[PDB]
Student: 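Questions regarding the structure given below will be posed in turn.
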Number of protein chains: 2
Amino acid sequence: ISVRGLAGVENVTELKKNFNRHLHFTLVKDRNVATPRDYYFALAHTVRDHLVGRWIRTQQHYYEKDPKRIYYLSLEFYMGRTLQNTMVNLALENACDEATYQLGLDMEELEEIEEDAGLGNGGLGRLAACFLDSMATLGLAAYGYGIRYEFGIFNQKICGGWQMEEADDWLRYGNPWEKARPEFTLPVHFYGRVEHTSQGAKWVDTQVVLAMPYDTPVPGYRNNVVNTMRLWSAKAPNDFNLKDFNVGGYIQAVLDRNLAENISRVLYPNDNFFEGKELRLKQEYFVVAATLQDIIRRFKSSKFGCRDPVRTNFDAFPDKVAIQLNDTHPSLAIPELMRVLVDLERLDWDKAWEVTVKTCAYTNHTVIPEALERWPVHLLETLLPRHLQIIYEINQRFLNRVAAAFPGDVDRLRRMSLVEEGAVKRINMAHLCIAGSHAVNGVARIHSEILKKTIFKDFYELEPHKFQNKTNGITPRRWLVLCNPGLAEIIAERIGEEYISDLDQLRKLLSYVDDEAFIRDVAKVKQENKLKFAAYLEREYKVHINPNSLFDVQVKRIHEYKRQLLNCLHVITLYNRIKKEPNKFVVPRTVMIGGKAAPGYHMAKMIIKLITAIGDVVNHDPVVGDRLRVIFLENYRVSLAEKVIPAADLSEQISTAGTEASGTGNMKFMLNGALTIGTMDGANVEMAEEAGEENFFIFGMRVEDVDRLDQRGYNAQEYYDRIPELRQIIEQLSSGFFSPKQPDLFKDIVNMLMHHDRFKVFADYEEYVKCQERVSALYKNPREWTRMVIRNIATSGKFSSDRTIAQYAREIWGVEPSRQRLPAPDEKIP
Amino acid sequence: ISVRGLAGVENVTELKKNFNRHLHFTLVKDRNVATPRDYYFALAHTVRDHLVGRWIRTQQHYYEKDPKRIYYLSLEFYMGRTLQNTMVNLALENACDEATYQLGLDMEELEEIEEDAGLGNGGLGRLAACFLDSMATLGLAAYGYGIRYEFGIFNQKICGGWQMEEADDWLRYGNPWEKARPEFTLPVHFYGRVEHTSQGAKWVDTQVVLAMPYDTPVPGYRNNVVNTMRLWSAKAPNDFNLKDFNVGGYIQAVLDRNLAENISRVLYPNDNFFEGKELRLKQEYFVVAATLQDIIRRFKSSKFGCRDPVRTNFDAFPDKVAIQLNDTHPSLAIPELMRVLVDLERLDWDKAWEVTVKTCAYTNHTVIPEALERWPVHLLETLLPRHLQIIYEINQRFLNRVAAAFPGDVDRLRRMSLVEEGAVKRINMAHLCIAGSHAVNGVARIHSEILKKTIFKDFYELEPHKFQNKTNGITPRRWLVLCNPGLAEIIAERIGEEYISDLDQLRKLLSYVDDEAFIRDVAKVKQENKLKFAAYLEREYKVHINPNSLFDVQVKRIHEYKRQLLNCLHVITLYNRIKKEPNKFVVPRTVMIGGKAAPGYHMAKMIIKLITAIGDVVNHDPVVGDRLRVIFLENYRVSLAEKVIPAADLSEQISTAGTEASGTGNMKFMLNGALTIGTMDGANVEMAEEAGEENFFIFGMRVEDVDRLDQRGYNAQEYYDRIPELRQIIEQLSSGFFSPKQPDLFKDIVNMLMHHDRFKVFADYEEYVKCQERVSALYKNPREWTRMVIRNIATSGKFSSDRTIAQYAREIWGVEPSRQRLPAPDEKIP
Ligand SMILES: COC(=O)N[C@]1(C(N)=O)O[C@H](CO)[C@@H](O)[C@H](O)[C@H]1O
Ligand SMILES: COC(=O)N[C@]1(C(N)=O)O[C@H](CO)[C@@H](O)[C@H](O)[C@H]1O
Ligand SMILES: *Cc1c(COP(=O)(O)O)cnc(C)c1O
Ligand SMILES: *Cc1c(COP(=O)(O)O)cnc(C)c1O
């Protein structure tokens, strides 16, 4: 059937009876009233049963051996569905497929019922998910720590061409994967004041919110390692949240509990944008405060909570603990670790600081200013008074270091301060992270260089040793074996299965680049993939596409820097050329644009309306026929990505040079047989460098050109004046060609494009459509297109998250990865 | 060990492996980190497994055979713990006791970990729970329908002698008994307006709240019948509760969902008191609206949703459906049933009314005015506009009936109206229920007569056939076999086990009233019970009592009509007499008073403070010694009742004649070997009548005397003037003898007692202490005390809820009870 494992005789039988056990005893249903949803849960529970045994021994193991622990703090974990992934990592896929088949059910139909764990916005959240999978696969004693939002990223609905947001009640029917652990609930404090008494400061008169943990298993790839993702939930104490007496109402007091519990109710839907709301700051301290207590508790036991030197010496803390900050969201971990060590454990400042810096590491994910976290001091002042005092003290000592290093450099001092003066004083969280971490890294080579040359230049000059790079990656399990079994099979037919946990081995595919059968096969799976997606489209969304055309897709969050608008200009151009010479042949294309717009991002929502507007015109023009279709992919999410990427021919990664830190969708497309048209931005550079620029469609300004233009001054009118095709499009938008009933509908877009385009869309227009012509040319030659595809796939190995994690492990965490199978799952009951 | 069933070889082994399965697979723990709480859950899950099989076949059965269905609508279901009860009804107790013993655990210790399902206030809620158990035991196709509050009755804490309320987070660790059924979620409407168009009215522009059901199994006693208790939970729709667009905030919109979901957040803690809050009214319509849809859906399928006459003829609705209204809380079921039949199904008014009256029955539980539900019209007008119109129309037609029956009786018309004029117009829910039901019943013989003679006199004259009586009862399973296995065993040793489901058989115990061994045994279990309670006291609450003294207990909600104050006067009297003649012998007593005070009931909270105040003095007087102890039983609830009642010697049921509708605690004490001192009120009359007044300690005014006094006019000064002992107590309270630091602390109590005692405490004082002297006399003669006890126990049979339910069944529902074992639980998987 494929190498989804063995469909053993004893195990298919075993699976079937357990499926029935759960349907009866767990779901309390009988075959006569069971629905596909019930069948999905019975299966989910049956599958979950197989990893609890391994989950328990893995955790017990780490307790016995006591290795260094890695704590990945992130406010986002974009997990997606987990049924299939679990089957794949446990080699259960074929057996489950067989068993359910014998039970008369279609596993694929049941898999579609599982709700996505959308506790993420985009790249940053999904990176965290891929990392978890890789850390498990590499045998690291790692823990994912976050917030259990009851409402993840909103579900997007298109109404009249506009985006409509609606609550993502992903827990509505329950989550069979998580395990509530109310017995490990911890208290978290807010507000209050600071008392300075005799021997130390005291955080007093605080409001208490409880943090209840929920553990979700994270299985490594076929190695019997099952790590843990711990998500905190906010709960109100039953005392003060009722007991602070003297009139108000008993009923009201109980109803008001949903004020402390609002902390974990919803994820902020912002991608690369900072919103300084109090609720957000609360979420940030909540995950940090709860997590740290858990970390220290584990440390106090270790082998120190037995003997060792005997005296809670936190000197070995950094040797046993490593906490990675996914961006600045969990940045409060630094002053919080200090607070606990100094205020509670009573360590001297300097010893505490040494420990803190040695256990913390910070990862930066963007350079755009509006995404940078700068919290107003009056907010920190009210909500976390002691942390503000600690931050000021950290700032004081850090600046003294600078002054001593750069005597008399008074501007450098203000530039480097953690405190920003002006309208309102703010705290620069990024500056805090650099000061309190022993390592700072970018997510792509160019992005990392930009940090050193630009944004964090002064910090780099001060401590050059802190700055590193760790190019992002993706997990070959979910992003290849899971979503594209067809491609994984044919690769396996030639080079084996060892590449799934050793993606570099894909290079061996280079020697089949002239293999006639392989070329035919690679081309076949892609055709099968396109057919299945074209079908899904009519199934779930309804209104035909042509599977023979070039599948041109751009899927990612809607942003001005991502330039979906530039994609728009090209689409309209294609349209206008066809209308000019109708009876001239052109390579057919289905251009699919999908992504979510943050609810408050007006421009982004205007772009979504533009895309649908273009489709309204283009898709109903008889002269165009089936040569050009414009489709907006609704509710783009992980589960939808697993469907479109394997069916894509052309991947669009056209952000303005220097704005996309890395990107990961680009890597997803490369490993799945799509060719990339893009700019020398983020990881695109390393991808082209790995496949060879001849096998990539690069165009546009490089970073240098962008800066040259800025020195000069960007004037969009120039481009409008010298390019008639561009001029024609702008006047079409301006006159209502794409919006008849509301002719001025797109005035904001035009206005922006002509007067305040921060991402110089026009500057890359000419080189973009010219480059697009080159891909159309190559698509006309199936054999050569496929051979170039093979060159990309065979060369994507470097982009696996296993590589990324191995580097973090060795160069930052100080731990050694291991592909050693944990000693079976085998029963056991001590 | 006892007749807690057989500890079979095959089943103890089977139990143990399933206990281990759950501890591993369900709880995801290993013996080395498992806590008593984990052990309790493993067991709970193991036990629950045994009734799912029966649960499924019971429900399937009713679907096949299609008998008349009984729907018990109540806003309260005071369930308590359910582990032991389930073991008892499935004959699993000894086997579980053995198995857990072999696993090295103490079952009793694990049982104490289960949280109480406190979804009730007192009598009314517990009655509903006992009824459910009896309906299951009598094989009735019955369904309990209510609200799943996430916070039940508050947990009471005594601080400085005052009651402190704190949220009852009973779901904190989960509920292994319930089964969420999200797939059966239903919509419920609120607000909106009424449109009158061509062919009918339309309820329009309403706000939608979703009702999600949670099913809990209700097992009959050893007959393999497992009925269902369906509890609704409020959930916000994800559309409008987000989709009603045009600025407000996406985050805020999501946070605001906890506005629609507040409907099922907390139970109103009022016992016999009406609070006209909007939230309450919402709860009342919510349970009614959701339940009715479920009822009609089931009816539409039946055997009509196949064939029958073919034409949704609701003429057979009353032949297939019976809905019992537990008080007026679910009274909206009447106009709601009309709304659906008339507005949606399109039946003519008269045919609809006939159906409604024929399927609905109302049970009244109190005659005190402040407990009567009278909803302001402006509230119904805003929240349920169509229901108000329907009510007015029902009123119009009803009054026309009256006018026609009593021509010219204009005062009768206003008196009987469902609408009450005055300050604000109100709707008398009780009048509504009588008009729309074919049966109205009281809960005790005297209470039922009082309804006919007083409160509902006019209604009785109009339709004498509607009024009946159904004396309350209690379940012998929980209230005897479960809480007092020792007593159940010795009874079983003489007369067998058939009495558990046929309590009348207890009469056979009359022939052992002179049996020397029996008297010794009955006396022994009570001594063992007192010793165990005296121990629990020091274990969980701490500060000694004497097990040889007379256990004088009064446990029920704190109310002015219950007269805990009269009990107080007696206690102080005993104290004063001892202080007067220290070296005179008196029968030692431990008087225990426990109960909860509604948060807004100032007087009730003042009485709790008085009780503790008396104990502060009495319990620390050296001259008193161990002859008199005053203890306030904290957090009185079902699980606590199962502990005190079996250990009680004297039961206090001293409410003012005519105020306690029935009472059920009194029955609990009688069947558990306690003697009753009380007034001729509620069911006390029938109890004394059943045991013989010689075996009861009756005192005080009868109803007639109360009324005589009211004609005359009650003057408490008279009593104060003629009784020096009474005078001495009042002056002690007034001067601060019981409250030194705050001498005027009890001025409200004294003031009330002397000037506004609605329950004439003083009028029954003299006859009360005189009667108390008689019980002390009899306690001095152990042999005769025990023989009188045997006379009560042997004669309590009539007070089993099986008797009560059999009468409801035959005289109101029109169904026949059956003690037929359902065809085993045996596997099966169709
Ligand atoms: C806070 O900045 C970010 O979130 N940055 C992003 C992203 N928005 O997902 O992170 C991911 C993961 O590193 C990068 O691939 C992407 O280029 C970058 O923009
Ligand atoms: C609404 O009135 C009531 O709730 N009445 C009560 C009770 N408060 O529990 O109901 C129970 C059950 O019928 C009666 O035994 C008790 O005397 C009566 O007061
Ligand atoms: C991989 C992924 C992303 C990141 O896309 P980029 O193109 O790097 O912005 C965002 N959303 C989903 C659902 C993803 O799978
Ligand atoms: C039986 C019961 C009641 C009713 O007591 P009465 O004396 O009838 O008021 C109230 N509370 C609990 C916990 C009960 O078990």
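Just so it is clear: chains get the letters A, B, ... in the order the sequence lines come, proteins before strands, and each one is counted from 1. First listed ligand is number 1; within each ligand, the first listed atom is number 1.
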Student: Residues around ligand 2, heavy atom under 4.0 Å from any ligand atom, sorted by chain and number. Can you pull those?
Tutor: B:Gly123, B:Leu124, B:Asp271, B:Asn272, B:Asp327, B:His365, B:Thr366, B:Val443, B:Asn472, B:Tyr561, B:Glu660, B:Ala661, B:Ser662, B:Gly663
Student: Looking just at side-chain N and O atoms, do A:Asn121 and A:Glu76 make a donor-acceptor pair shorter than 3.5 Å?
Tutor: yes
Student: For A:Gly122, take its heavy atoms, then give the atoms of ligand 3 lying under 4.0 Å from any of them.
Tutor: 10 (C)
Student: When you check the gap from the basic side-chain N to the acidic O, do A:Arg477 and A:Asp133 get nearer than 4.0 Å?
Tutor: yes
Student: Which value, rounded to the nearest 0.5 Å, describes the distance between B:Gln163 atom CD and B:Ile608 atom CD1?
Tutor: 4.5 Å
Student: Between B:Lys562, B:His559, B:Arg557, flag the one that comes closest to atom 9 (O) of ligand 4 by a heavy atom.
Tutor: B:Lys562
Student: For the residue pair B:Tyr808 and B:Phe131, categorise the inter-ring angle as parallel (less than 30°), tilted (30 to 60°) or perpendicular (more than 60°).
Tutor: perpendicular
Student: Roughly how far, to the nearest 0.5 Å, is CZ of B:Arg563 from OG1 of B:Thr659?
Tutor: 7.5 Å
Student: Is there a donor-acceptor contact under 3.5 Å linking the side chains of A:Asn567 and A:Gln554?
Tutor: yes
Student: Below the 3.5 angstrom mark, is there an N/O of A:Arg637, backbone or side chain, next to an N/O of ligand 3?
Tutor: no
Student: Roughly how far apart are A:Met687 CE and A:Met680 CE, rounded to 0.5 Å?
Tutor: 11.0 Å
Student: Hey, does B:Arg126 come in under 3.5 Å of ligand 4, counting only N/O atoms on both sides?
Tutor: no
Student: Is the closest heavy atom of A:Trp479 to ligand 3 under 4.0 Å?
Tutor: yes
Student: What about the rings of A:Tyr601 and A:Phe273, do their centers lie closer together than 6.0 Å?
Tutor: no
Student: In Å, rounded to the nearest 0.5 Å, how long is the span from CG of A:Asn326 to OG1 of A:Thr363?
Tutor: 6.5 Å
Student: Answer yes or no: is there an ion pair linking B:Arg445 with B:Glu449, defined by an N-O contact shorter than 4.0 Å?
Tutor: no
Student: Pick whichever of B:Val638, B:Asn666, B:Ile474 has a heavy atom sitting closest to atom 13 (C) of ligand 4.
Tutor: B:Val638
Student: Under 4.0 Å, counting heavy atoms only: does A:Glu642 come that close to any atom of ligand 3?
Tutor: no
Student: What's the verdict on side chain to side chain contact (heavy atoms under 4.5 Å, CB included) for B:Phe669 and B:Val555, showing C-alpha distance, side-chain angles and the deciding distance?
Tutor: CA-CA 10 Å; B:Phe669 282 97; B:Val555 293; 3.9 Å; yes
Student: Quick test: of every protein heavy atom, which one is nearest to atom 12 (C) of ligand 3, and how far off is it to 0.1 Å?
Tutor: A:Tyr636 CE2, 3.7 Å
Student: Can you pull out the closest protein heavy atom to atom 7 (O) of ligand 3? Residue, atom name and distance to 0.1 Å, please.
Tutor: A:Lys556 NZ, 2.8 Å
Student: Only heavy atoms of B:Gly663, strictly under 4.0 Å: list the atoms of ligand 4 that pass.
Tutor: 8 (O)
Student: In the protein, which heavy atom is nearest to atom 2 (C) of ligand 3, and how far is it?
Tutor: A:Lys668 NZ, 2.5 Å
Student: Atom 5 (O) of ligand 3: which protein heavy atom is closest, and how many Å away?
Tutor: A:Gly665 N, 4.0 Å
